[PDB]
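Atom set for the values below is all heavy atoms of this structure, side chains included, hydrogens, waters and symmetry mates excluded. So that the names make sense, note that chain A is the first sequence line, chain B the second, and so on, each numbered from 1.
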Amino acid sequence: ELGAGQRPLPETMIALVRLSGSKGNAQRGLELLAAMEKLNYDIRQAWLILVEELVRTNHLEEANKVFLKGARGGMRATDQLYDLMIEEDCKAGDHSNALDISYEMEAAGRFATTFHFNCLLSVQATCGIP
Amino acid sequence: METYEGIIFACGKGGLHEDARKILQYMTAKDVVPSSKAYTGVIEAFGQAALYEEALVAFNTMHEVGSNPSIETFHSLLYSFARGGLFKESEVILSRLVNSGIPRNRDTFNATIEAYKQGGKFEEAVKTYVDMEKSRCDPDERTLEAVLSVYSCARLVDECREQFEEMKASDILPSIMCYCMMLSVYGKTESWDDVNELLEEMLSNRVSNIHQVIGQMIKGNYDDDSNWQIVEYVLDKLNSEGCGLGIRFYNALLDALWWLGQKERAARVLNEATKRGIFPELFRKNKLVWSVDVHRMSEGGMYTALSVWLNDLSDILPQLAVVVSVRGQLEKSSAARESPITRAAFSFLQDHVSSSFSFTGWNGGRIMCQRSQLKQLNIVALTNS
Amino acid sequence: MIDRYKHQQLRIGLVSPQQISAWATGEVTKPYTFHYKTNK
Amino acid sequence: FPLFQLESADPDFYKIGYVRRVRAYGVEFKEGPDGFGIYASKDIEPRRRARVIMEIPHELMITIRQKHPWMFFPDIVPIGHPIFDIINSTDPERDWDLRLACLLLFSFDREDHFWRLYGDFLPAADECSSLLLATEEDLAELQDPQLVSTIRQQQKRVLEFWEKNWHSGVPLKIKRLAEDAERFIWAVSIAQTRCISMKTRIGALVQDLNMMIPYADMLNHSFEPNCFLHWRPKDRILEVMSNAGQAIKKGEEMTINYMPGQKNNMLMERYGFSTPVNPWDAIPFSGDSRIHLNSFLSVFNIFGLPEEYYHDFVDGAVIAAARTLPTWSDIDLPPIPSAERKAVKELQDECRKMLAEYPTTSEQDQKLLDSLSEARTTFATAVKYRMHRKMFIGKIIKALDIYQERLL
Ligand SMILES: Nc1ncnc2c1ncn2[C@@H]1O[C@H](CSCC[C@H](N)C(=O)O)[C@@H](O)[C@H]1O
């Protein structure tokens with residue numbers, strides 16, 4: 001398509017981004033997101049899709065890398081995805097990533113609630129330091 | 001690296017693009033970055049099958065993986081473009097070769113002449129041969145064959161005589177391709193005296209077997225069931241330098257047969273080429289398109305291709321019947337409809353099916369016939385003189 | 001908001017003889033401060 | 001060389017606020033046949049942050065708590081005044097406009113109150129576009145039975161409140177506020193069309209307020225506003241802030257979003273106006289025929305999530321069309337062009353079936369508005385409302401035609 005001089009549709013890039021996440025290819029998923037920004041598209045929706053695919057396909061470690069890069073870059077995720085990332089990290093004992101995300105969640109403008117704190121406490125209660 | 005490059009070279013030599021694509025995918029699936037030579041073999045295979053879109057993707061992918069193209073890579077494109085007459089794309093390489101620090105060797109000049117010739121630019125073809133001698137260099141045997149085809153195409157009997165006799169003036173024994181071009185220029189001008197003079201030279205040919213068999217089969221001596229096995233024996237022997245040499249041999253042979261009136265024999269010779277993989281893009285027959293692609297053929301070969309295609313049309317419906325005479329960037333311009341191939345095909349179609357095939361308003365190098373008009377349609381007589 | 005948590009602590013404890021040795025290694029065995037002649 | 005080379009509002013309009021610490025920066029108040037407005041008096045260049053456009057001191061406002069108990073900020077009602085009993089007798093949920101109307105009429109009666117002066121720049125009973133002032137004939141031009149019944153209930157509620165609380169036995173200090181029902185109806189109309197509800201912190205107390213804010217109730221509505229309101233607690237000043245990074249040209253109108261996410265029938269009920277480019281207007285389709293949501297959004301370059309659609313022909317009506325059209329979506333399944341044309345054709349037929357329900361068309365309503373010479377403000381508002389809905393349905397037919405062709 002690029003070699004034919006045609007401009008890929010925003011939906012075409014999203015199909016490639018979602019496919020990359022299903023295979024756990026975060027590097028290719030991030031390369032395609034950079035292309036959409038170069039094509040002057042809106043990468044927020046495609047970034048949301050990429051993170052959810054990695055979480056669904058048990059690539060939580062890769063999902064955190066992609067999520068934080070977008071969140072630190074200024075993009076604001078959905079409240080559903082915020083609750084997804086915090087909870088899945090705390091179920092896996094990853095307090096460091098769950099605390100980083102919750103800090104970015106409030107920086108965006110979404111204040112943490114009792115649900116998010118209960119996720120962090122689930123890991124803090126097992127560290128041996130009350 | 002040694003095994004991958006060895007197989008891909010064979011695929012590029014024989015024009016097996018499907019196998020070449022699988023080797024490339026196999027290398028990528030194993031996290032192996034193919035070498036710059038390996039991609040050049042894949043680019044070669046696509047050009048053998050006239051798959052320019054997939055060839056330029058591989059060329060684009062070479063820079064992506066850091067396997068920058070070598071001098072041989074810019075030759076695989078030039079010969080691929082030369083066969084199709086895509087001198088617009090050939091000049092892109094030439095304008096790129098000077099900027100890339102690569103001087104113009106002899107092989108670059110041969111492709112330039114071949115590209116201009118197939119594109120109908122006769123004036124610019126001889127100018128390259130005129131400008132080639134100024135830059136010294138050393139014209140090889142194919143260069144003489146490259147410029148002889150230019151004179152033979154534009155019906156220059158006296159120029160072709162001087163070019164041909166000088167080929168044997170150095171004791172070179174010109175190949176069968178040059179002999180078939182002599183028969184075309186003599187057959188185009190109806191010079192039956194010179195045709196018989198050259199044929200007797202090919203009938204003895206104590207040194208070269210191919211000239212004897214091909215020369216004999218043109219006259220019709222080998223048109224028997226058992227006597228067609230010897231002709232096929234030569235074709236199989238020539239079917240070993242790949243599709244690159246084969247396409248040149250069959251283009252000259254069909255051109256000679258058509259101008260000599262052996263139009264039914266040209267039909268069977270073309271049928272021999274297709275089953276060997278020559279002209280893989282020649283025909284498409286599906287529910288959407290019935291197409292014949294003649295942009296890589298000579299004028300005699302194109303007439304044979306159209307004649308068979310028209311006869312097979314009347315036997316049988318697709319949404320469209322098309323003739324692809326120009327296949328490149330020239331399509332999106334008014335020059336493609338003025339190409340010698342486009343005019344020849346349209347003129348040929350006009351006095352064979354009346355006014356049933358008209359040009360396209362969206363492409364310069366297409367000659368279409370709608371499904372509705374296909375209802376209002378042997379159509380072409382195939383006989384030996 | 002979530003507090004910027006900062007957990008730092010210091011403790012004093014009685015020291016084992018083993019920890020005393022680990023500090024030094026280093027045994028001072030002479031009551032001399034400085035040599036009279038070399039001033040070393 | 002230099003030698004060889006909408007009317008402005010009453011100058012006293014800004015001055016009465018200006019002598020009381022109202023500040024306007026780079027904007028001017030201009031008056032036209034349709035009413036007041038705020039326009040950029042110069043090219044407002046973009047900055048890294050929101051620019052201060054206007055500053056309105058708290059003491060010039062009339063505010064009441066949204067939630068019970070009813071406290072007034074600033075407190076202007078004396079202890080024991082009978083107006084509080086009238087305010088205190090209201091329904092806490094529905095009668096917020098009655099409470100503000102009582103405060104508004106009370107404020108006009110006070111000699112020192114700012115709204116005694118500012119009240120002269122409020123639209124009169126024949127100039128306010130609120131449907132509370134609309135006659136039964138004006139409501140007949142709406143062509144919307146649901147909205148008409150809503151307005152009739154509003155007028156009934158407002159009238160019964162006046163008859164109950166402004167009877168013959170009430171004190172003179174109450175009678176002189178609303179001597180007639182029309183005076184109280186006008187006050188409720190001002191309350192509905194001009195009330196600004198915000199969460200504010202005053203001192204240490206954070207609360208929701210219904211506020212009558214002078215010079216900020218002159219900002220017109222837009223669903224793509226270039227300004228927003230911001231309460232500054234430290235000095236009790238309402239700030240009108242232009243969007244950060246947004247360049248505003250000289251003469252461009254300064255607008256805020258009165259009602260995010262609200263349809264035109266809600267804008268008509270509250271503020272007595274409608275917009276043809278409302279991105280939240282809806283049209284009742286059967287759902288038998290559906291188009292591809294992803295294709296429709298990409299054809300018109302509508303990006304973002306459904307609740308935050310934006311355009312990178314396309315306006316708020318096309319965004320509204322995306323939200324209201326029957327749509328299907330199967331992750332990344334592509335739509336068949338021949339099946340989508342059947343849906344587009346069937347959706348356009350249903351759109352024309354609804355345009356045929358109206359006795360007139362959109363351009364006939366537009367020429368009727370130009371031919372008016374003695375029409376009430378609400379009559380023209382009623383015609384503009386039905387015309388905008390026709391323009392919205394007509395925009396959908398055009399958008400579907402474009403979408404059907406750009407799918408090739
Ligand atoms: N976008 C818009 N289109 C039409 N009328 C509008 C509008 N925004 C605001 N209005 C009108 O302005 C009123 C809100 S108070 C805004 C100032 C008003 N124009 C005045 O002169 O006092 C509403 O009653 C409504 O009728």
Minimum-distance pair of heavy atoms, taken over all atoms of A/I14 and A/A46: CG1-CB, 4.0 Å
Shortest non-hydrogen separation from A/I86 to A/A98 and the atoms involved: CD1-O, 3.2 Å
Shortest non-hydrogen separation from A/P10 to A/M36 and the atoms involved: O-CE, 4.1 Å
Exceeds 12 heavy-atom contacts within 6.0 angstrom, atom CZ of A/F117: yes
Heavy-atom check, side chain of A/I43 versus side chain of A/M75, under 4.5 Å: yes
Approximate separation, where rounding is to 0.5 Å, of A/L120 CG and A/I101 CD1: 10.0 Å
Closest non-hydrogen atom pair between A/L2 and A/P8, with its separation: CD2-CD, 3.9 Å
Positions in residues 25-40 of chain C that reach chain A, provided some heavy atom is under 4.5 Å away: none
Heavy-atom closest pair, residues A/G21 and A/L54: O-CD2, 3.4 Å
Show me the donor-acceptor pairs under 3.5 Å between chain C and chain A.
unit_1, atom_1, unit_2, atom_2, d
C/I2, N, A/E106, OE1, 2.7
C/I2, N, A/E106, OE2, 3.2
C/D3, O, A/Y103, OH, 3.0

Minimum heavy-atom distance A/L60-A/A92, with the two atoms named: CD2-CB, 4.1 Å
From CG (A/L48) to CG (A/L81), nearest 0.5 Å: 6.0 Å
Chain A neighbours within residues 13-23 of chain C, where any heavy atom lies under 4.5 Å away: none
